[PDB]
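Have a look at the structure below, then the notes.
Sequence lines set the chain letters: A, B, ... in the order given, protein chains first and strands last, and positions in each chain run from 1. Heavy-atom basis, side chains included; hydrogens, waters and symmetry copies ignored.
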There are 2 protein chains.
Amino acid sequence: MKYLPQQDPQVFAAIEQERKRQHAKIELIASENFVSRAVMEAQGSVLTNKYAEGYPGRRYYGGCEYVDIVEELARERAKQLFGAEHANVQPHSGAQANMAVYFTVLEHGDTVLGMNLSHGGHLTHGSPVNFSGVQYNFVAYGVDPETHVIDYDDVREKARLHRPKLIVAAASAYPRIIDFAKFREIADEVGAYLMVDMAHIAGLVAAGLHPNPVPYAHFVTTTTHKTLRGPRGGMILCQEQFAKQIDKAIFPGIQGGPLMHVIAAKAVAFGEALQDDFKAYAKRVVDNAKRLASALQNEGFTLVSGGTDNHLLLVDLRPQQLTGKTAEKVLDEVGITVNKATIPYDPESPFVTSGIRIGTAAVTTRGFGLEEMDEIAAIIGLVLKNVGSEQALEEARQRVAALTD
Amino acid sequence: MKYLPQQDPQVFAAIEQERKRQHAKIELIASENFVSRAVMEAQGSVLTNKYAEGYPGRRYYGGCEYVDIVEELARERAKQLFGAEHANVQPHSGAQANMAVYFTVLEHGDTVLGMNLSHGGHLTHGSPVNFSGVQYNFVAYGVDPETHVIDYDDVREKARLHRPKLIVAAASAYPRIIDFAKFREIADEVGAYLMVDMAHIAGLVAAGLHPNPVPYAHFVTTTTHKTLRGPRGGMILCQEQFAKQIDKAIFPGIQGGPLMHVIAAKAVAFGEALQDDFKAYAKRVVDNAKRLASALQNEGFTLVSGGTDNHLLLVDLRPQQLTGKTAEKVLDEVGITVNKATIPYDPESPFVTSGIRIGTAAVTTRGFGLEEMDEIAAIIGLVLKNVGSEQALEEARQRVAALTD
């Protein structure tokens, strides 16, 4: 940076702290990643100056010729990446992407069927303190109490009983492959739309490492910033028959001016995802997650569902008589960043929990491999088996520093 | 840029076109401006990598110590700038800022009183194709047919008749000072909350050139990117009594993860606005708008309300027998960017219109003064009086190029 250090010492000092923090810590938050310098440069461009309400070639402001090229690059690359008939790259976030789909097909008070929020469902999939649960009548399907895999007979029964207008599949904390074919079959049986929120798994889908929901879902929503490794924002994919309605839901429906600089960054991220090396990266993410899972099991930890098919895993800490809150806190002390997380049928509140959620997307981006996964597991074991030993925690601290260099 | 040109030639070429376009044209879109290099650097930072749901010191993710410093800098500087008891700097846009306030105090179907959308009110102030008009029952107050000033007796009568839960004041195309005291008096009479959407005038308010709505409104919403000259985004100001509710409306209510890099950019922009030179800038904006208004009148143009008190003006093109659409198109041909705009009691559809909206914030930022205002007015006169003369348009083109250098 050249201008920020001089103009705003306070903001610059804080940003520099954050930059050094991102290097020093072992980042295991499953939703996080590190974007390329190209992506950041796009976000830091003069495109922030442009009002561009509407869509390419159909804007409500003149002078959009070039931001139009940028937005079309984003849309076309997204369609190439996922095989979708239509893309909307304007949503400000995953929240707004989901909000727009709901706005498109639902009326206030309509019934929606989503994944149980304590079993892996997201806030925007029906929380009573979120617009989703306040605006629509959400009902939930669960995972099996033993296997922790989605109970598809439960999805079906809930759908047949409650007759939702819309079924939502996908999750913020589900470590196994989701069967989109079965979701569509159930949706078809009850005459419901199917929306898949692939936010967490979007990069894996792009790399052919998770089944693609696009052929099975009427609508697919996603963030651009998780496994897709793009800037912070949202996107909607849908068939051509819903394109007009979806676009109108985003604008003039729920948003105003799009963030053209972020859309540029989205285009860049999609370009990166189209490359062969992104596919190799995504495989390493999944390989690393399996290795970390196995290594944690070797340390004596129980995992929700007994492992993982994707980028993330959940540790069930009940055998260690620890809460997720306690584990999160102590790992923070040694430089390992995780989330406390409710496990299926958790006896604790969502503010305490019996689990931690871990993902490998970020550490993989920084070049960690199988050997590093083994060591991360070993450090977690050292910490959680010795929460009262300052010497153990100091050893962990030193081993963390050794990994981040 | 260093990395984008190599990584993504297509995106880089388009951005470079946009950058050159921003220099070449005379930008008169009233909502637009040019941000500083410091603001852009903040947006282009590694802060995009951080999940930070929740608020400073009260986050749902670890490792937020430094993004917390950044967000608090934004909030405290905003409170210094506007004298508000509370700030929420998380809204992704003006749309989301307004959405959150509505979510806070209204239930589905509640009556809201806002400015007539054909008289200067915004899309999010009750358009039937926007969430505002779909989710809530919007009624409108108008401006006087002769003076084009808000008819406060009409505000009062509409409020007493319809008994709104909420009254909205502020506008996207109102060239005169808004009397917030009178709005609060009316709100008090009918037991309604008052929300002021100061998006357009926020920089002027910060510079003491427009009355501050903060002491009179329960809620004040704004964008950070118009006269405030910050990054693209939103903000809510309110009294302490609504702080908790407003924060909960943004999260977990209507958004998820905030854009921490944009929030950094907001902090930077607020820092700039706190400086003496921003106050001088804002005065030049208003001075330039008055001069442009007078100069256009000298050219024979009629202005809505007979002039301006702020950064923007509207030309009523009926005396010239031109539509706003025709004027917008031909000005585009010579390198002057304006919006078509409905005028009060416009006989044309909002897609055709009888007016153009012009603002001086952008040209003022690039250093234009009174002499340049005179010349812009003269060029507009030359163009609109000679729409069928290619030679006149070429002369205009050359005079535009002379201004932008």
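For B/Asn33, the part lying under 4.5 angstrom from a heavy atom of chain A is the backbone only. Of the two parts of B/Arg77, only the side chain, counted from C-beta on, holds a non-hydrogen atom closer than 4.5 Å to a non-hydrogen atom of chain A. If you measure heavy-atom distances from B/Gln22 to chain A, the contacts under 4.5 Å come from the side chain alone. The part of B/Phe103 that comes within reach of chain A is its side chain, from C-beta onward, which places non-hydrogen atoms under 4.5 angstrom from that chain. Residue B/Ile15 touches chain A through both its backbone and its side chain, counting heavy-atom pairs closer than 4.5 Å. Looking at A/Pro258, the atoms closer than 4.5 Å to chain B (heavy atoms on both sides) all sit in the backbone: N, CA, C or O. Residue contact with chain A, scored on non-hydrogen atoms closer than 4.5 Å, involves the backbone and the side chain of B/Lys50 alike. Heavy atoms closer than 4.5 Å to chain B are found in the side chain of A/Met99, but not in its backbone. Residue contact with chain B, scored on non-hydrogen atoms closer than 4.5 Å, involves the side chain of A/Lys226 exclusively. If you measure heavy-atom distances from B/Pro91 to chain A, you find no contacts under 4.5 Å at all. Heavy-atom distances place no part of B/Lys340 under 4.5 Å from chain A, backbone and side chain included.
Atom-to-atom distance recorded for A/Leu259:CG and B/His225:NE2 is 8.5 Å, nearest 0.5 angstrom. Between the CZ atom in A/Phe351 and the OH atom in B/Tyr60 there is a gap of 5.5 Å [rounded to 0.5 Å]. In this structure, CZ in A/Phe251 is found 5.5 Å from CG in B/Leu123, a value given to the nearest 0.5 Å. Atom CD of residue A/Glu32 and atom CG of residue B/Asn49 lie 7.5 Å apart, to the nearest 0.5 angstrom.
For the set A/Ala14, A/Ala95, A/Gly253, the count of heavy-atom pairs under 4.5 angstrom toward chain B peaks at A/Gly253. Counting heavy-atom pairs under 4.5 Å between each of A/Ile254, A/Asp332, A/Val39, A/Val134 and chain B puts A/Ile254 at the top. For the set B/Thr337, B/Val262, B/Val129, B/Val338, the entry with the most heavy-atom pairs within less than 4.5 Å of chain A is B/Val129. The choice from A/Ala13, A/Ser132, A/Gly271, A/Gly63 that makes the most heavy-atom pairs within less than 4.5 Å of chain B is A/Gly63. With chain A as partner, the option from B/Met1, B/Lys25, B/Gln275, B/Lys2 having the largest number of non-hydrogen pairs under 4.5 angstrom is B/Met1. Taking chain B as the reference chain and counting heavy-atom pairs below 4.5 Å, the highest number among A/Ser31, A/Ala267, A/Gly62 is found for A/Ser31. Taking chain A as the reference chain and counting heavy-atom pairs below 4.5 Å, the highest number among B/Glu16, B/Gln17, B/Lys329, B/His92 is found for B/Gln17.
Neither side chain, A/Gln6 nor B/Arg37, offers a donor N or O lying under 3.5 Å from an acceptor on the other. For the 3.5 Å distance criterion, the side chains of B/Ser93 and A/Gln255 fail to qualify, holding no donor opposite an acceptor. Inspection of the B/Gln135 and A/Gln135 side chains reveals an N or O donor paired with an N or O acceptor under 3.5 Å.
Within the 4.5 Å cutoff, the side chain of B/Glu18 has no heavy atoms near those of the A/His261 side chain. In this structure, the side chains of B/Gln96 and A/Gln96 come closer than 4.5 Å at one or more pairs of heavy atoms. Counting only heavy atoms from C-beta outward, the side chains of A/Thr48 and B/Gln43 approach each other to under 4.5 Å. Between B/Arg19 and A/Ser45, every side-chain heavy-atom pair lies at or beyond the 4.5 Å cut-off. Considering only heavy atoms from C-beta on, A/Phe34 stays 4.5 Å or farther from B/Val46 through its side chain.
Of all non-hydrogen atoms in B/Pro5 and A/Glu41, the two that sit nearest each other are CD-OE1, 4.1 Å.
No more than 12 heavy atoms of other residues, nucleotides or ligands lie within 6.0 Å of CD in B/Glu107, so this atom counts as exposed by the packing criterion.
In this structure, A/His108 and B/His108 have parallel ring planes: the angle between them is below the 30° cut-off, well short of the 60° mark.
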message = Test side-chain hydrogen bond (donor to acceptor under 3.5 Å, both in side chains) on B/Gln7 and A/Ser36; report intermediate values, then the result.
response = CA-CA 10 Å; B/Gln7 168 65 50; A/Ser36 69; over 6 Å; no

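Under a cutoff of 6.0 Å and an axis angle of 45°, B/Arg232 and A/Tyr51 form a cation-pi pair.
For residues 67-75 of chain A, the interface with chain B (any heavy-atom pair closer than 4.5 Å) comprises A/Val67, A/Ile69, A/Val70, A/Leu73, sorted by residue number.
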